[PDB]
Amino acid sequence: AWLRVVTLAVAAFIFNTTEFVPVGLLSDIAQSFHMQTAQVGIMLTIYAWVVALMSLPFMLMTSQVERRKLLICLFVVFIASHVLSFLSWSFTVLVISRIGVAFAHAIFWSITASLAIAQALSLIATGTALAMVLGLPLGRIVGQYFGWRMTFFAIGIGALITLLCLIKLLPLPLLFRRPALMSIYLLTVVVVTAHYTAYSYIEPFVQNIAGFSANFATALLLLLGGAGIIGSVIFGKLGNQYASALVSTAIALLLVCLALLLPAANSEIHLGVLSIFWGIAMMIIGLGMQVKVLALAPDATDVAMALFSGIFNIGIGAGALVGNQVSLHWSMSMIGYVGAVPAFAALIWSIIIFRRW
Ligand SMILES: CCCCCCCCCO[C@@H]1O[C@H](CO)[C@@H](O)[C@H](O)[C@H]1O
Ligand SMILES: CCCCCCCCCO[C@@H]1O[C@H](CO)[C@@H](O)[C@H](O)[C@H]1O
């Protein structure tokens, strides 16, 4: 009935939760491995960049496989990797485990984007919604109380319990040429990097760079959650029209918040509002892209979305890596400004292609 989709929604919740979660566990993991909080962002780069390389191949090579059998194996790789993430003894192994999840993710996102056949985005994006506001926060909380490995194991078990309802299912190019969208692919990579230079380390920035608490951090990851929620629902209303404007402004705003990271770093209420805008910004620039890809590739959407998935993660890992370099070579404070550079260019490029198309 509904329940064959509802279970899938929870699956949507849980796979995003693990993706986000290590953004507010970097310090718990740092303590454990004896490496600076910035040094562990490789595990974000590797995750994304591995899910970048394989995203097309994997969903492609598995196109033959019936959906129930598919999701099963998929979820087995996930659950096992998490056990290994919990067991992990070297940061090498931790990242080996992350790669294990990467593969699971790679496959997954395109299967459900196919299995999504605004009644799918409704039940799925509620999963992804809840994956932000509960997932990462509680994820952060459990890491504080029970240690990160335990957090990972938790997910691991969660994936198992969701699976037995998934075991109650029945058995089931020219795009490069098209330069309307390859433009949109470009804007995506550029803009994402902007966000993920700063955001990826919003914890070590909050604690180490700014006068603030570990609980203030955990407060902020919630605040970017709801801002994400607000953002999503702002995009709900005026989404079919003005969307080009709404992305361009959202990038504009994103420019703003990045540049104003240290101007806000001393006001704990400023971060509070920075995050409310920042969060709304991203969600718009996120949802403006998806929507504009679906538009610019009705033919072979899965492939469009599969490709789109991969380039976003390129941008994540790139973001994460520059964020790592700034902190490791220069200083973690300036990730704000360094972020705002791609943010500007994207805001330029956005308006260029939007006013072009
Ligand atoms: C793994 C995901 C696939 C990447 C496609 C991203 C779209 C951006 C355009 O790609 C172009 O392709 C050239 C090939 O040589 C590169 O020189 C150059 O960087 C780039 O302008
Ligand atoms: C200048 C007018 C035309 C704008 C065209 C889009 C601008 C793209 C900027 O390039 C980016 O520069 C970063 C430098 O660190 C790289 O990390 C990143 O991967 C790369 O893609």
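Residue numbering for chain A follows Swiss-Prot, covering 11-127, 136-190, 203-387 in order.
Method on record in the header is X-ray crystallography, 3.4 Å.
Each Cβ is built from the backbone N, Cα and C atoms, and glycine gets one as well.
Considering the side of the membrane named for each residue in Swiss-Prot, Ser230 and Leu358 coincide.
The highest tally of CB pairs under 8 A with the transmembrane segment (333-353), across 50-70, 81-101, 136-156, 170-190, 364-384, is held by 50-70. Of the two recorded stretches, the transmembrane segment (246-266) does not lie close to the transmembrane segment (170-190), with fewer than three CB pairs under 8 Å once pairs fewer than 6 apart in sequence are set aside.
Contact check: the transmembrane segment (103-123) against the transmembrane segment (15-35) gives at least three Cβ pairs closer than 8 Å, residues 6 or more apart, which meets the contact criterion. Here the deposited model leaves out 8 residues, and the two residues on either side, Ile127 and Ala136, have Cα atoms 10 Å apart. Among residues of the same chain six or more beyond the topological domain 'Cytoplasmic' (71-80), those with a C-beta under 8 A of the stretch's C-beta atoms are 117, 121, 125, 184-185, 187-190. Across the topological domain 'Cytoplasmic' (267-274), the DSSP tally of helix, strand and coil residues reads 3 helix, 0 strand, 5 coil. Between the transmembrane segment (81-101) and the transmembrane segment (364-384) there are fewer than 3 Cβ pairs closer than 8 Å, counting only pairs 6 or more residues apart in sequence, which means the two stretches are not in contact.
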